[PDB]
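Below is one structure; the comments refer to it alone.
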Amino acid sequence: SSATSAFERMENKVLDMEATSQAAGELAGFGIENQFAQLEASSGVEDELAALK
Amino acid sequence: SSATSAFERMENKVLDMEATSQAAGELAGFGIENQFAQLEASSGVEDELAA
Amino acid sequence: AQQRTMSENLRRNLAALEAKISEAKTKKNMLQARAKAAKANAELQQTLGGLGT
Amino acid sequence: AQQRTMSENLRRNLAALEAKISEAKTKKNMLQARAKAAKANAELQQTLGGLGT
Amino acid sequence: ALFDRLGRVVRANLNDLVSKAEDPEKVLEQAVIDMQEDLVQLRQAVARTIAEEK
Amino acid sequence: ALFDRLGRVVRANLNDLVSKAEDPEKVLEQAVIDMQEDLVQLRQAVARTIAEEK
Amino acid sequence: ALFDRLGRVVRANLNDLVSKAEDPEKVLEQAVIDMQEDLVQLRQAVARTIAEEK
Amino acid sequence: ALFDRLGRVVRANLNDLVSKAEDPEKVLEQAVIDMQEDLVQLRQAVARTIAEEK
Amino acid sequence: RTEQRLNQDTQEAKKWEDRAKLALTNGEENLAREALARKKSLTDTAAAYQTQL
Amino acid sequence: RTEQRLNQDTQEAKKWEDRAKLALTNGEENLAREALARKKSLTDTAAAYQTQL
Amino acid sequence: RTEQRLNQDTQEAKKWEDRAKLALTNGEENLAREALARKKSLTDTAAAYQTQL
Ligand SMILES: Nc1ncnc2c1ncn2[C@@H]1O[C@H](COP(=O)(O)OP(=O)(O)O)[C@@H](O)[C@H]1O
């Protein structure tokens, strides 16, 4: 009946929802890191070519 | 009745066409750079010649 | 002496109150303007948007 | 002396509890933000996902 | 799934019925009128922030 | 606990219903009007303590 | 189990009926609307997240 | 004891129902309000304590 | 109307162009930079109008 | 429409290339790297459009 | 139909195969294996499709 316990219940609920979203993404077909890593390498060599000229 | 909430309503309404803040930031940078880059350069040389 | 220093403190609170109100008015108006900018932008997204009528 | 001793005890306790509440308040805001984020993330993954009819 | 698909069929049909009955030229015109109005309101709004600046 | 939680659910729902129906722009405006009024009253109040000082 | 098989047959028939009622020009478009509606909500969440960081 | 066990089962079911009716955005906020309301009262006690010392 | 808009900015641009030239001739860098920047802005606007036209 | 999208993306990529090289020259390398990332993103988008065209 | 999907799976399999080369160069066994696995899945579907065709 305390406000703090109500706060804690909802805190945990939100955290579970975040965890649900993380899992949902992975099940959907998590890429990201994929694209990001290729963009990083691409920008790497791009910086090298720019620096060169 | 609070200004903090008033801000939040406005802030959210904008997120209707983007506002990652990476927009304005990156943009302005190049803008200010390129402009003042030459501006100052061409002028200084040009002054001495004209005199 | 007592009434004067009491009054001085009250006067200081008055100055603080006035400053805060001034700030709130400034903030209020810029927010109305920013809200209107958002509304206008949304209507341009509509007209210069996708397909419709 | 007694008044001072006891009113100082209350002040420490006021400060501790004020600190505790303020923690909860700032957490309330970010948790709300997180909740919204999580909700939206789940809705998009289901809609954009090929799974289901 | 059955009723979720039902909803999709129904919403799609309804939007097309609305589009059909509606005259897009009047709507387009009206849209421009509204944009112009919003623009005027923003100009006034900008003027107030200028006024506060001053 | 059951009815204490019931109260929490109910108060939260009610505050949100009030917030939803209410227009915050009018309230914000009204708040500024009230603050300005209080400020004026305090200025008069200050003036009386000044008057008593004198 | 014949009841379940019957249910399956009925559900399949209904699914076929609603599938047939689909028209690509309206439906494809309708799907894009949905994806758009959903995006607007996710952006608003990101909007708040950014505000809190600030 | 079956009566007590029955009561426990009923209370658990009711607790689950009211738990489900919770919505974090409204409820979390509502909890902070309560903590605030309570603080205001404690401060007033401290207010009096200070006055008496003086 | 598009032509008139283009010309208006061309006319204003020539005013700040000349001011900049006078400033450059005198050797007053600060005035030259100010006028130049104003000219630049107006000529960019005029370019946009020319394309539209 | 595809043609228009393709050309527009190609043009923006050239702008970000220029911007990266200007930033790099000034000695703001981090900004240049960021610019090269924007350039790359637009190059890929344009490429997709080219094949689509 | 079968021809469309099949010819598409074969092209996509390449995107995955080439990415595996990049992942190893980046210094990552884990995503290199995943990239190889995703390449396999499309290769297996394409095999099935060609036979069906
Ligand atoms: N076929 C359509 N394509 C795009 N937008 C549409 C279409 N039909 C209606 N709209 C309207 O335009 C808006 C497009 O969504 P929005 O999220 O603004 O686009 P984006 O996600 O590209 O920024 C929607 O709010 C919707 O009401």
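Chain identifiers are assigned as A, B, and so on, following the order in which chains appear in the structure tokens; residues are numbered from 1 within each chain, and ligands are numbered from 1 in order of appearance.
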All alpha helix (DSSP H) positions in chain B, as number ranges by chain: B: 3-14, 22-50
Selection near residue 15 in chain E, 9 Å with only C-alpha atoms, sequence-local residues under 4 positions removed, as a PyMOL selection string: (chain E and resi 10-11+19-20) or (chain G and resi 26+30)
Quick one: residues within 9 Å of ligand 1, with only C-alpha atoms and all ligand atoms, as a CSV table (one decimal) with N, CA and C atoms, in the first residue's frame?
chain,number,residue,atom,x,y,z
B,16,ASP,N,7.5,15.0,-35.1
B,16,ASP,CA,6.6,14.5,-36.2
B,16,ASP,C,7.3,14.4,-37.5
B,17,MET,N,8.4,15.1,-37.6
B,17,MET,CA,9.3,15.1,-38.8
B,17,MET,C,10.8,15.0,-38.4
B,18,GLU,N,11.1,14.4,-37.3
B,18,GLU,CA,12.4,14.2,-36.8
B,18,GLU,C,13.0,15.4,-36.0
C,42,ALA,N,3.7,20.3,-39.7
C,42,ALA,CA,2.8,19.1,-39.8
C,42,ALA,C,1.9,19.3,-41.0
C,45,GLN,N,3.9,18.8,-44.1
C,45,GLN,CA,4.2,17.4,-44.2
C,45,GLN,C,3.0,16.7,-44.8
C,46,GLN,N,1.8,17.2,-44.6
C,46,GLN,CA,0.5,16.7,-45.1
C,46,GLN,C,0.4,16.9,-46.6
C,47,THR,N,0.5,18.2,-47.0
C,47,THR,CA,0.4,18.7,-48.4
C,47,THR,C,1.5,18.3,-49.3
C,49,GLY,N,3.5,15.7,-48.7
C,49,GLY,CA,3.7,14.4,-48.1
C,49,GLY,C,3.6,13.4,-49.2
C,50,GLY,N,2.9,12.3,-48.8
C,50,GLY,CA,2.7,11.1,-49.6
C,50,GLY,C,1.5,11.3,-50.6
C,51,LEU,N,0.7,10.3,-50.8
C,51,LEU,CA,-0.4,10.4,-51.7
C,51,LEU,C,-1.8,10.5,-50.9
C,52,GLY,N,-2.8,11.1,-51.5
C,52,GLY,CA,-4.0,11.3,-50.8
C,52,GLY,C,-4.9,12.1,-51.7
G,28,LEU,N,-2.3,-2.4,-50.2
G,28,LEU,CA,-0.9,-2.2,-50.2
G,28,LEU,C,-0.5,-0.8,-49.6
G,29,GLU,N,-1.3,0.2,-50.0
G,29,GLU,CA,-1.3,1.5,-49.6
G,29,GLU,C,-1.7,1.6,-48.1
G,30,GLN,N,-2.7,0.9,-47.7
G,30,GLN,CA,-3.2,0.8,-46.3
G,30,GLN,C,-2.1,0.2,-45.4
G,31,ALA,N,-1.3,-0.7,-45.8
G,31,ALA,CA,-0.2,-1.3,-45.1
G,31,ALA,C,0.8,-0.3,-44.8
G,32,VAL,N,1.2,0.6,-45.8
G,32,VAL,CA,2.1,1.7,-45.6
G,32,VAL,C,1.7,2.7,-44.6
G,33,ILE,N,0.4,3.0,-44.7
G,33,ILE,CA,-0.2,3.9,-43.7
G,33,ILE,C,0.1,3.4,-42.3
G,34,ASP,N,-0.1,2.1,-42.0
G,34,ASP,CA,0.0,1.5,-40.7
G,34,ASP,C,1.5,1.6,-40.3
G,35,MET,N,2.4,1.3,-41.1
G,35,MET,CA,3.8,1.4,-40.8
G,35,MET,C,4.2,2.8,-40.4
G,36,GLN,N,3.6,3.7,-41.1
G,36,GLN,CA,3.8,5.2,-40.9
G,36,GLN,C,3.3,5.6,-39.5
G,37,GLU,N,2.0,5.2,-39.2
G,37,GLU,CA,1.4,5.5,-38.0
G,37,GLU,C,2.2,5.0,-36.8
G,38,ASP,N,2.7,3.7,-36.9
G,38,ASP,CA,3.5,3.1,-35.9
G,38,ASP,C,4.8,3.9,-35.7
G,39,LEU,N,5.5,4.3,-36.8
G,39,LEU,CA,6.7,5.1,-36.7
G,39,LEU,C,6.6,6.4,-35.9
G,40,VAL,N,5.5,7.1,-36.2
G,40,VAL,CA,5.3,8.4,-35.5
G,40,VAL,C,5.3,8.2,-34.0
G,41,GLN,N,4.8,7.1,-33.5
G,41,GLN,CA,4.8,6.8,-32.1
G,41,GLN,C,6.2,6.5,-31.5
G,43,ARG,N,9.0,7.6,-32.7
G,43,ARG,CA,9.7,8.8,-32.7
G,43,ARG,C,9.4,9.7,-31.5
After a least-squares superposition on chain J over all sequentially paired C-alpha atoms, what is chain I as a short mmCIF file (atom, residue, chain, number, x, y, z; two decimals) with N, CA and C atoms, in the first residue's frame?
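File written: part-v8.cif
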data_model
loop_
_atom_site.label_atom_id
_atom_site.label_comp_id
_atom_site.auth_asym_id
_atom_site.auth_seq_id
_atom_site.Cartn_x
_atom_site.Cartn_y
_atom_site.Cartn_z
N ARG I 1 10.98 9.61 -62.21
CA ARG I 1 10.91 9.72 -60.77
C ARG I 1 12.09 9.06 -60.10
N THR I 2 12.51 7.87 -60.61
CA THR I 2 13.66 7.13 -60.14
C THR I 2 14.93 7.92 -60.34
N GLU I 3 15.06 8.58 -61.52
CA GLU I 3 16.17 9.45 -61.86
C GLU I 3 16.28 10.61 -60.90
N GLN I 4 15.13 11.24 -60.55
CA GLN I 4 15.07 12.39 -59.69
C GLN I 4 15.49 12.04 -58.29
N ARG I 5 15.09 10.83 -57.80
CA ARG I 5 15.47 10.34 -56.50
C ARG I 5 16.96 10.11 -56.37
N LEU I 6 17.58 9.51 -57.42
CA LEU I 6 19.00 9.27 -57.56
C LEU I 6 19.77 10.57 -57.50
N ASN I 7 19.33 11.54 -58.31
CA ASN I 7 19.96 12.86 -58.38
C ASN I 7 19.86 13.65 -57.08
N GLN I 8 18.72 13.56 -56.40
CA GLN I 8 18.51 14.26 -55.16
C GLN I 8 19.51 13.86 -54.12
N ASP I 9 19.75 12.53 -53.99
CA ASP I 9 20.69 12.00 -53.03
C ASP I 9 22.12 12.28 -53.45
N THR I 10 22.41 12.34 -54.78
CA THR I 10 23.70 12.70 -55.34
C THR I 10 24.00 14.16 -54.96
N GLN I 11 23.00 15.08 -55.06
CA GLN I 11 23.12 16.49 -54.72
C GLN I 11 23.41 16.72 -53.26
N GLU I 12 22.73 15.99 -52.34
CA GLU I 12 22.94 16.05 -50.91
C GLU I 12 24.28 15.46 -50.54
N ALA I 13 24.68 14.38 -51.26
CA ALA I 13 25.92 13.67 -51.06
C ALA I 13 27.10 14.55 -51.33
N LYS I 14 27.01 15.42 -52.37
CA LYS I 14 28.04 16.36 -52.73
C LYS I 14 28.21 17.45 -51.72
N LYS I 15 27.12 17.84 -51.02
CA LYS I 15 27.19 18.81 -49.96
C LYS I 15 28.02 18.33 -48.79
N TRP I 16 27.81 17.06 -48.34
CA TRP I 16 28.52 16.46 -47.23
C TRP I 16 29.90 16.01 -47.65
N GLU I 17 30.11 15.73 -48.96
CA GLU I 17 31.40 15.40 -49.54
C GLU I 17 32.36 16.54 -49.41
N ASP I 18 31.87 17.74 -49.78
CA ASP I 18 32.61 18.97 -49.75
C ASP I 18 32.90 19.40 -48.35
N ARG I 19 31.94 19.20 -47.42
CA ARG I 19 32.10 19.51 -46.03
C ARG I 19 33.16 18.67 -45.39
N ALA I 20 33.19 17.38 -45.78
CA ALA I 20 34.19 16.45 -45.35
C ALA I 20 35.56 16.81 -45.86
N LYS I 21 35.67 17.24 -47.14
CA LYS I 21 36.91 17.66 -47.77
C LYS I 21 37.51 18.87 -47.14
N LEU I 22 36.65 19.85 -46.76
CA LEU I 22 37.05 21.05 -46.06
C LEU I 22 37.56 20.73 -44.69
N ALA I 23 36.87 19.79 -44.02
CA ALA I 23 37.23 19.31 -42.72
C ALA I 23 38.55 18.57 -42.72
N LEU I 24 38.80 17.72 -43.74
CA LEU I 24 40.04 16.99 -43.95
C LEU I 24 41.19 17.93 -44.22
N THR I 25 40.91 18.99 -44.98
CA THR I 25 41.92 20.00 -45.30
C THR I 25 42.35 20.77 -44.05
N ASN I 26 41.38 21.12 -43.22
CA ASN I 26 41.64 21.83 -41.98
C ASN I 26 42.36 20.95 -40.99
N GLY I 27 42.11 19.62 -41.05
CA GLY I 27 42.70 18.64 -40.17
C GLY I 27 41.80 18.33 -39.02
N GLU I 28 40.53 18.74 -39.14
CA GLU I 28 39.51 18.49 -38.13
C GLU I 28 38.89 17.14 -38.44
N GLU I 29 39.41 16.12 -37.76
CA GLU I 29 39.01 14.75 -37.95
C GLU I 29 37.55 14.46 -37.63
N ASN I 30 37.00 14.97 -36.49
CA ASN I 30 35.64 14.69 -36.03
C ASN I 30 34.58 15.14 -36.99
N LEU I 31 34.75 16.37 -37.53
CA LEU I 31 33.87 16.95 -38.52
C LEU I 31 33.91 16.18 -39.81
N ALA I 32 35.14 15.78 -40.24
CA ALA I 32 35.39 15.00 -41.43
C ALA I 32 34.70 13.67 -41.39
N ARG I 33 34.77 12.97 -40.24
CA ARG I 33 34.16 11.68 -40.01
C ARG I 33 32.66 11.70 -40.06
N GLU I 34 32.05 12.75 -39.45
CA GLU I 34 30.62 12.97 -39.44
C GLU I 34 30.06 13.18 -40.81
N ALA I 35 30.68 14.11 -41.56
CA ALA I 35 30.31 14.47 -42.90
C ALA I 35 30.48 13.33 -43.86
N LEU I 36 31.59 12.58 -43.71
CA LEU I 36 31.92 11.42 -44.49
C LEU I 36 30.94 10.31 -44.37
N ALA I 37 30.52 10.01 -43.13
CA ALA I 37 29.53 9.01 -42.83
C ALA I 37 28.19 9.33 -43.45
N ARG I 38 27.77 10.63 -43.42
CA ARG I 38 26.55 11.12 -44.03
C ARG I 38 26.57 10.99 -45.53
N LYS I 39 27.74 11.30 -46.15
CA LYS I 39 27.98 11.18 -47.57
C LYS I 39 27.86 9.76 -48.02
N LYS I 40 28.52 8.83 -47.29
CA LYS I 40 28.51 7.41 -47.49
C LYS I 40 27.11 6.84 -47.53
N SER I 41 26.27 7.21 -46.53
CA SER I 41 24.88 6.79 -46.42
C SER I 41 24.04 7.18 -47.61
N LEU I 42 24.18 8.45 -48.07
CA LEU I 42 23.47 9.01 -49.19
C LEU I 42 23.90 8.40 -50.49
N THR I 43 25.20 8.05 -50.63
CA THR I 43 25.72 7.45 -51.84
C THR I 43 25.31 6.01 -51.97
N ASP I 44 25.09 5.29 -50.84
CA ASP I 44 24.60 3.93 -50.83
C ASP I 44 23.17 3.89 -51.30
N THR I 45 22.38 4.89 -50.86
CA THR I 45 20.99 5.05 -51.22
C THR I 45 20.86 5.34 -52.69
N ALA I 46 21.75 6.23 -53.20
CA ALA I 46 21.84 6.61 -54.59
C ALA I 46 22.20 5.43 -55.47
N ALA I 47 23.06 4.54 -54.97
CA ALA I 47 23.46 3.34 -55.70
C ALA I 47 22.24 2.45 -55.92
N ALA I 48 21.47 2.23 -54.85
CA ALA I 48 20.26 1.44 -54.92
C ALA I 48 19.31 1.97 -55.96
N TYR I 49 19.15 3.31 -56.03
CA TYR I 49 18.34 3.98 -57.01
C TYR I 49 18.85 3.83 -58.41
N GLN I 50 20.17 3.85 -58.56
CA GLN I 50 20.82 3.69 -59.87
C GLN I 50 20.52 2.30 -60.41
N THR I 51 20.64 1.30 -59.55
CA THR I 51 20.36 -0.08 -59.95
C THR I 51 18.89 -0.21 -60.37
N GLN I 52 17.99 0.30 -59.54
CA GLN I 52 16.56 0.28 -59.83
C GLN I 52 16.28 0.91 -61.17
N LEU I 53 16.90 2.09 -61.43
CA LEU I 53 16.78 2.89 -62.63
C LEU I 53 17.21 2.14 -63.85
#
Straight-line distance linking CA of residue 48 in chain C with CA of residue 32 in chain B, stated in Å to one decimal: 29.4 Å
Interatomic distance, CA of residue 7 in chain F to CA of residue 2 in chain A (Å, one decimal):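 Atom-to-atom, CA of residue 7 in chain F to CA of residue 2 in chain A, that is 11.4 Å.
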Least-squares superpose chain H on chain F across all ordered C-alpha pairs, then write out what you get as a tab-separated table (two decimals) with N, CA and C atoms, in the first residue's frame.
chain	number	residue	atom	x	y	z
H	1	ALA	N	-4.27	-4.01	2.21
H	1	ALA	CA	-3.49	-3.11	1.37
H	1	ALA	C	-4.08	-3.01	-0.04
H	2	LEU	N	-4.92	-3.98	-0.39
H	2	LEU	CA	-5.55	-4.01	-1.69
H	2	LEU	C	-6.45	-2.82	-1.88
H	3	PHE	N	-7.05	-2.32	-0.77
H	3	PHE	CA	-7.87	-1.14	-0.74
H	3	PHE	C	-7.09	0.09	-1.15
H	4	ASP	N	-5.88	0.26	-0.57
H	4	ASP	CA	-4.95	1.34	-0.87
H	4	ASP	C	-4.45	1.31	-2.28
H	5	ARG	N	-4.17	0.10	-2.80
H	5	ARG	CA	-3.75	-0.11	-4.16
H	5	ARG	C	-4.83	0.25	-5.13
H	6	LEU	N	-6.10	-0.11	-4.79
H	6	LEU	CA	-7.28	0.23	-5.54
H	6	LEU	C	-7.46	1.72	-5.63
H	7	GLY	N	-7.31	2.43	-4.48
H	7	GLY	CA	-7.36	3.87	-4.37
H	7	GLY	C	-6.34	4.54	-5.23
H	8	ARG	N	-5.08	4.03	-5.21
H	8	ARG	CA	-4.02	4.50	-6.06
H	8	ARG	C	-4.33	4.39	-7.53
H	9	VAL	N	-4.88	3.24	-7.96
H	9	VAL	CA	-5.28	2.99	-9.32
H	9	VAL	C	-6.36	3.98	-9.76
H	10	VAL	N	-7.39	4.20	-8.91
H	10	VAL	CA	-8.49	5.11	-9.15
H	10	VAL	C	-8.03	6.53	-9.27
H	11	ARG	N	-7.15	6.98	-8.34
H	11	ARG	CA	-6.59	8.31	-8.35
H	11	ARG	C	-5.75	8.58	-9.57
H	12	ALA	N	-4.95	7.59	-10.02
H	12	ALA	CA	-4.13	7.66	-11.22
H	12	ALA	C	-5.00	7.83	-12.45
H	13	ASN	N	-6.14	7.08	-12.55
H	13	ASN	CA	-7.08	7.12	-13.67
H	13	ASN	C	-7.73	8.47	-13.77
H	14	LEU	N	-8.10	9.05	-12.61
H	14	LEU	CA	-8.72	10.35	-12.51
H	14	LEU	C	-7.79	11.45	-12.84
H	15	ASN	N	-6.51	11.27	-12.45
H	15	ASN	CA	-5.46	12.19	-12.77
H	15	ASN	C	-5.19	12.22	-14.24
H	16	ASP	N	-5.25	11.05	-14.90
H	16	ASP	CA	-5.08	10.94	-16.32
H	16	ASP	C	-6.21	11.59	-17.08
H	17	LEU	N	-7.46	11.45	-16.60
H	17	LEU	CA	-8.64	12.04	-17.19
H	17	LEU	C	-8.57	13.55	-17.20
H	18	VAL	N	-8.22	14.15	-16.03
H	18	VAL	CA	-8.13	15.59	-15.91
H	18	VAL	C	-6.95	16.14	-16.67
H	19	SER	N	-5.85	15.35	-16.80
H	19	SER	CA	-4.68	15.71	-17.58
H	19	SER	C	-5.00	15.83	-19.04
H	20	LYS	N	-5.81	14.89	-19.55
H	20	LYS	CA	-6.28	14.85	-20.91
H	20	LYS	C	-7.18	16.02	-21.26
H	21	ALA	N	-7.99	16.51	-20.29
H	21	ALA	CA	-8.94	17.60	-20.46
H	21	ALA	C	-8.24	18.93	-20.59
H	22	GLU	N	-6.94	18.98	-20.24
H	22	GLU	CA	-6.11	20.15	-20.39
H	22	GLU	C	-5.92	20.51	-21.85
H	23	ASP	N	-5.81	21.83	-22.15
H	23	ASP	CA	-5.55	22.33	-23.49
H	23	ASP	C	-4.50	23.40	-23.28
H	24	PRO	N	-3.27	23.28	-23.77
H	24	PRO	CA	-2.19	24.20	-23.49
H	24	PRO	C	-2.42	25.67	-23.68
H	25	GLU	N	-3.21	26.10	-24.69
H	25	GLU	CA	-3.39	27.50	-25.00
H	25	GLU	C	-4.11	28.22	-23.89
H	26	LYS	N	-5.08	27.52	-23.26
H	26	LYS	CA	-5.90	28.08	-22.22
H	26	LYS	C	-5.18	27.94	-20.90
H	27	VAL	N	-4.59	26.75	-20.66
H	27	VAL	CA	-4.01	26.36	-19.40
H	27	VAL	C	-2.73	27.10	-19.07
H	28	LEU	N	-1.80	27.25	-20.05
H	28	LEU	CA	-0.51	27.92	-19.90
H	28	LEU	C	-0.69	29.34	-19.49
H	29	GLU	N	-1.65	29.98	-20.18
H	29	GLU	CA	-2.10	31.33	-19.96
H	29	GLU	C	-2.67	31.49	-18.56
H	30	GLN	N	-3.51	30.52	-18.15
H	30	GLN	CA	-4.14	30.48	-16.87
H	30	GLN	C	-3.15	30.42	-15.74
H	31	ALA	N	-2.04	29.68	-15.95
H	31	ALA	CA	-0.95	29.58	-15.01
H	31	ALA	C	-0.30	30.93	-14.79
H	32	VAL	N	-0.08	31.73	-15.88
H	32	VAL	CA	0.52	33.04	-15.78
H	32	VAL	C	-0.39	33.97	-15.01
H	33	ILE	N	-1.69	33.87	-15.23
H	33	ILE	CA	-2.62	34.69	-14.49
H	33	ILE	C	-2.43	34.49	-13.01
H	34	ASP	N	-2.35	33.22	-12.56
H	34	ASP	CA	-2.19	32.87	-11.18
H	34	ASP	C	-0.95	33.46	-10.58
H	35	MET	N	0.17	33.35	-11.28
H	35	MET	CA	1.43	33.89	-10.81
H	35	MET	C	1.32	35.40	-10.65
H	36	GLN	N	0.55	36.02	-11.54
H	36	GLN	CA	0.35	37.47	-11.51
H	36	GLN	C	-0.51	37.84	-10.31
H	37	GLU	N	-1.62	37.13	-10.13
H	37	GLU	CA	-2.52	37.39	-9.01
H	37	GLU	C	-1.75	37.33	-7.70
H	38	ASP	N	-0.92	36.30	-7.56
H	38	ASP	CA	-0.12	36.13	-6.37
H	38	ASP	C	0.87	37.28	-6.15
H	39	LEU	N	1.50	37.74	-7.22
H	39	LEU	CA	2.47	38.83	-7.12
H	39	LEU	C	1.84	40.11	-6.58
H	40	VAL	N	0.66	40.44	-7.08
H	40	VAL	CA	-0.05	41.64	-6.66
H	40	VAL	C	-0.22	41.70	-5.14
H	41	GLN	N	-0.43	40.54	-4.52
H	41	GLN	CA	-0.60	40.47	-3.08
H	41	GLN	C	0.70	40.69	-2.32
H	42	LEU	N	1.79	40.13	-2.84
H	42	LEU	CA	3.09	40.28	-2.21
H	42	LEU	C	3.55	41.73	-2.26
H	43	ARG	N	3.23	42.41	-3.36
H	43	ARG	CA	3.60	43.81	-3.53
H	43	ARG	C	2.90	44.68	-2.50
H	44	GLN	N	1.63	44.38	-2.25
H	44	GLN	CA	0.85	45.13	-1.29
H	44	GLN	C	1.44	45.02	0.10
H	45	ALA	N	2.00	43.84	0.47
H	45	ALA	CA	2.69	43.62	1.73
H	45	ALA	C	3.92	44.48	1.85
H	46	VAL	N	4.71	44.55	0.76
H	46	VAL	CA	5.89	45.38	0.63
H	46	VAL	C	5.48	46.83	0.71
H	47	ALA	N	4.30	47.20	0.13
H	47	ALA	CA	3.74	48.54	0.17
H	47	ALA	C	3.59	49.03	1.60
H	48	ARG	N	2.94	48.21	2.45
H	48	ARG	CA	2.74	48.45	3.86
H	48	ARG	C	4.05	48.55	4.62
H	49	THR	N	5.00	47.61	4.38
H	49	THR	CA	6.31	47.56	5.03
H	49	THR	C	7.06	48.87	4.85
H	50	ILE	N	7.08	49.41	3.61
H	50	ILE	CA	7.65	50.69	3.22
H	50	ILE	C	6.99	51.84	3.95
H	51	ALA	N	5.64	51.84	4.05
H	51	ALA	CA	4.86	52.87	4.72
H	51	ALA	C	5.21	53.00	6.17
H	52	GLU	N	5.41	51.84	6.84
H	52	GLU	CA	5.74	51.77	8.24
H	52	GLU	C	7.12	52.28	8.52
H	53	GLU	N	8.08	52.00	7.60
H	53	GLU	CA	9.44	52.49	7.68
H	53	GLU	C	9.46	53.99	7.70
H	54	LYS	N	8.68	54.60	6.78
H	54	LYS	CA	8.50	56.03	6.65
H	54	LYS	C	7.92	56.64	7.90
Chain C on chain D, all Cα pairs in order, RMSD: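 Between these identical-sequence chains, the C-alpha RMSD is 1.3 Å.
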All residues 10 Å or closer to range 19-24 of chain A, only C-alpha atoms, same chain fewer than 3 positions away omitted, as a PyMOL selection string: (chain A and resi 13-16+27-30) or (chain D and resi 37-46+49)
Between CA of residue 38 in chain B and CA of residue 50 in chain A - distance in Å to one decimal: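 Atom-to-atom, CA of residue 50 in chain A and CA of residue 38 in chain B are spaced 20.5 Å apart.
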Per residue of chain B within 9 Å of chain C, which atom pair is closest and at what distance in Å (one decimal), using only C-alpha atoms, listed by chain and increasing number, as CSV?
residue,atom,partner,partner_atom,distance
B:3,CA,C:28,CA,7.1
B:6,CA,C:31,CA,7.4
B:7,CA,C:31,CA,6.7
B:9,CA,C:35,CA,8.3
B:10,CA,C:35,CA,5.3
B:11,CA,C:35,CA,8.4
B:13,CA,C:38,CA,6.2
B:14,CA,C:38,CA,5.3
B:15,CA,C:38,CA,8.8
B:16,CA,C:42,CA,7.0
B:17,CA,C:42,CA,7.7
Resulting file, chosen residues, N, CA, C and O atoms, as a short mmCIF file (atom, residue, chain, number, x, y, z; two decimals), in the first residue's frame:
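Result file result11.cif:
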data_model
loop_
_atom_site.label_atom_id
_atom_site.label_comp_id
_atom_site.auth_asym_id
_atom_site.auth_seq_id
_atom_site.Cartn_x
_atom_site.Cartn_y
_atom_site.Cartn_z
N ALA B 3 5.12 24.75 -16.86
CA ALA B 3 5.94 25.07 -17.99
C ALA B 3 6.76 23.89 -18.47
O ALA B 3 7.05 23.79 -19.66
N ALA B 6 4.57 21.89 -20.50
CA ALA B 6 4.29 22.68 -21.68
C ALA B 6 5.38 22.46 -22.72
O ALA B 6 5.08 22.27 -23.90
N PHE B 7 6.67 22.43 -22.27
CA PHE B 7 7.84 22.11 -23.06
C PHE B 7 7.74 20.75 -23.67
O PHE B 7 8.00 20.59 -24.85
N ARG B 9 5.07 18.82 -24.32
CA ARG B 9 4.03 18.75 -25.34
C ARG B 9 4.52 19.27 -26.67
O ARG B 9 4.28 18.65 -27.70
N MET B 10 5.25 20.41 -26.65
CA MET B 10 5.85 21.02 -27.81
C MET B 10 6.92 20.14 -28.40
O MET B 10 6.91 19.90 -29.61
N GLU B 11 7.84 19.62 -27.55
CA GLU B 11 8.95 18.75 -27.88
C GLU B 11 8.48 17.51 -28.59
O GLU B 11 9.11 17.04 -29.54
N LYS B 13 5.44 17.19 -30.16
CA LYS B 13 4.76 17.58 -31.39
C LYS B 13 5.74 17.70 -32.55
O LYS B 13 5.42 17.38 -33.69
N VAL B 14 6.95 18.17 -32.24
CA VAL B 14 7.99 18.33 -33.26
C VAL B 14 8.45 16.98 -33.79
O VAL B 14 8.64 16.82 -35.00
N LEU B 15 8.62 16.02 -32.90
CA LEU B 15 9.05 14.68 -33.28
C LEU B 15 8.14 14.09 -34.34
O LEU B 15 8.03 12.87 -34.47
N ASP B 16 7.47 14.95 -35.10
CA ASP B 16 6.56 14.51 -36.15
C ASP B 16 7.28 14.43 -37.50
O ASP B 16 6.77 13.82 -38.44
N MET B 17 8.45 15.06 -37.56
CA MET B 17 9.26 15.08 -38.77
C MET B 17 10.75 15.01 -38.42
O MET B 17 11.59 15.54 -39.14
#
